[PDB]
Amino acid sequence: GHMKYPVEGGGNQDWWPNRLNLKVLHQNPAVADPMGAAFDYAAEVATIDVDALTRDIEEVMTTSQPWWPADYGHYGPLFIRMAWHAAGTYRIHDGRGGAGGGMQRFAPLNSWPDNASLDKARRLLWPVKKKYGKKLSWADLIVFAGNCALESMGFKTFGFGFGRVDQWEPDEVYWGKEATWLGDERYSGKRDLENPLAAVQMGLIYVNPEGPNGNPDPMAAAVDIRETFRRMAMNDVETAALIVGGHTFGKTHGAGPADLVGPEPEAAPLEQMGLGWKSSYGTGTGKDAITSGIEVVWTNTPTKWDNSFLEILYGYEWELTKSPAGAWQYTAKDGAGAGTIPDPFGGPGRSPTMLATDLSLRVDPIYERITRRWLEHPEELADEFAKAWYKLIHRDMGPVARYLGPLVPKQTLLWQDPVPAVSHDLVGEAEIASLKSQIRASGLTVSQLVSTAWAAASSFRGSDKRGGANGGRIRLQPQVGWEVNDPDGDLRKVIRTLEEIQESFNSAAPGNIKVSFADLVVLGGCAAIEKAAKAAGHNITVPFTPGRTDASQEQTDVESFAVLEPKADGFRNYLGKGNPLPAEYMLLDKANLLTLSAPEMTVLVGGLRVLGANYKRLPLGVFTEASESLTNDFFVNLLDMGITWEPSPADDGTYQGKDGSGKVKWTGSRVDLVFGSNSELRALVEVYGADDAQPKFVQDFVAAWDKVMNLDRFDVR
């Protein structure tokens, strides 16, 4: 190899290829954002005329452009696919992907083989973006264009929430390790898909439309469809509803040989102005378009909602055939239905066709029972598709407080992890001071109160904005039993004690003030930090914002919450089994999901160690002589050249720190020592370990702690 200039991507990872990349903690830096620090998308979206916007998108949909002529004179179905692909990268394992950042317009997603032609689709929406400007994000517009397409073609949707803020550089996400587009190095066993991945090959949305590994066996395709859609949060009813709903519209494109299609947009020359897949087959567009290489028109009304998809699926028998580009697809046997399927540019009629993955809906016995019913009950298909589409387009939006504008329906939905509305007045200063005292007199320790509040709050992830302390779900399944949370039972003592305090305060309170369990979990941590800070010679106040409410078990989907269980949390020195990478990488990944900067991660780790937040109160990294005192001791001792560190002879992922006596003075994990070893982290440690640093550390610690407590608090911002 050769090293490149930095402007062509050269840097330190070339010389140390497996090095920790702290850039995941400064994604989307403010200086790359053109809008400026006062920009307030919620205030701008509030201003939009949604009816006019809807009419502007209908005009785009029926006005054919000569650089990509509209099949059947309507871009609606292309826009449904656009919207479906935008939301269709979502994965449950880490909550990454999905439409909430408009990441389809950036690398790598803008150039995935499965997003071929979406470069033209998005481009078609520039006239609408141009007219609304800062009032409308690309993120909102891409999925709103699909929703408007559904409605303009006869399908009434359940609603729509605006509010996705545009970003200015791509979210960098692990999409798999294959270095060849459409490569597959992600299966083992009989058919176990590598976590956290939710598609079958690199650069596909879910499955291969010619069947697993290009082999068109619809039964085997079904296995893939069911698993990838599960990992995108869809069950069997949702998955069938979505496939039938989508393929009610439009057509594939495979008019000619794919080797006449040129490079994807990130690799295409400048004069293409950000478009890719430039084709030399015929005109390269429209009648001659090549996108997937399959050539299927599913229904006899590609620009109308009706039940034709299932009528065709079940009204014909099917046989394998090949598309003009050499892909497997299915056609009706016996020459049936000849001429019945309309051409997108006024050519002659054609025969019924289907994808291998569409036959899956008839071959797989579970999907077969679901879709056979819809054959006779289209009203149920319509109901299921409206619910699954809404979920699809909003799955990564987070708490319903964030959904903006006039089309949000009011019905609660279990998948939104709903919390109750506030029903009483909220605690004010006096009531908060009082409850801080009760908590401090309750016999719960600093370590118990801080660990419990951290376990509640740090369950949030900023990818899909699920989790956090609102809801009080630490006392419900499954969080109440997660290993990191409740190692040996002590969690239930804390829960019971805080419940006793809620009960007494609520029995006696001023008027109509009541406090939730969820709020006391957080308030106990804050009170404990005030106590630890005193212990250390600081009179401080830890901010606290009331307003959390208490969800019930029935409002808490246990299976859905399973993906939020930490398998690693370096903030508590917890490392479970099954992580993809060593502990220091998992720490940064955890810090990234909590939206923490590197300074924020650093102070939190140092403060939580000395407060006793560790899992099972282990002494790893607890570099202090003081009990329950909030000092910068972690930083000071980490930097002390008087300590000689070595891996423990147990080979148990721990290290021993010996003083000059040769006595083991401290012990630590990889997560602990990385702050002393990594040159950029150790630079931060040196800020907090200096002699003048103690007030700064407390201030920064409290701010970072307050951030984590408020992560899910979109109800009050």
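The first residue of the shown sequence is 1; numbering continues from there. Rigid core: the largest C-alpha set superposing within 1.5 Å between the two forms.
Query raised in the report: Quick one: with the core lined up, is it 506-514 or 580-588 that wanders further in 4 other deposited structures of this protein, going by C-alpha RMS?
Result: After the core superposition, the stretch with higher RMS deviation in 4 other deposited structures of this protein is 506-514.
Query raised in the report: C-alpha RMS from this form in 4 other deposited structures of this protein, rigid core superposed: larger for 486-494 or 283-291?
Result: Relative to the shown form, the greater RMS C-alpha distance in 4 other deposited structures of this protein belongs to 486-494.
Query raised in the report: Taking the recorded C-alpha temperature factors, which stretch has the higher mean, 676-684 or 63-71?
Result: In the deposited entry, the stretch with the higher C-alpha B-factor mean is 63-71.
Query - 316-324 versus 384-392 - greater average Cα B-factor per the deposited record - result: Result: 316-324.
Query - From 472, 487, 176, 146, residue of greatest CA B-factor - result: Of the candidates given, the C-alpha B-factor peaks at 487.
Query raised in the report: Which listed residue, 132, 574, 505, 454, has the largest C-alpha temperature factor in the record?
Result: Of 132, 574, 505, 454, 505 has the highest C-alpha B-factor.
Query raised in the report: How does residue 654 rank on Cα B-factor within its chain, lowest, middle or highest third?
Result: It belongs to the highest third of the chain when residues are ordered by C-alpha B-factor.
Query raised in the report: Can you tell me which third, lowest, middle or highest, the CA B-factor of residue 40 falls into for its chain?
Result: Its C-alpha B-factor, which the entry lists for residue 40, ranks in the lowest third among residues of this chain.
**Report entry** Where the record places residue 54 (Cα B-factor, split into thirds across the chain)
**Finding:** CA B-factor rank for residue 54: middle third.
Report task. Sorting the chain's modelled residues by C-alpha B-factor, tell me whether residue 236 ends up in the lowest, middle or highest third. Result -> Residue 236: CA B-factor falls in the middle third of its chain.
Query raised in the report: Should residue 159 be placed in the lowest, middle or highest third of its chain by the C-alpha B factor in the entry?
Result: Within its chain, residue 159 is a highest-third residue by C-alpha B-factor, going by the deposited values.
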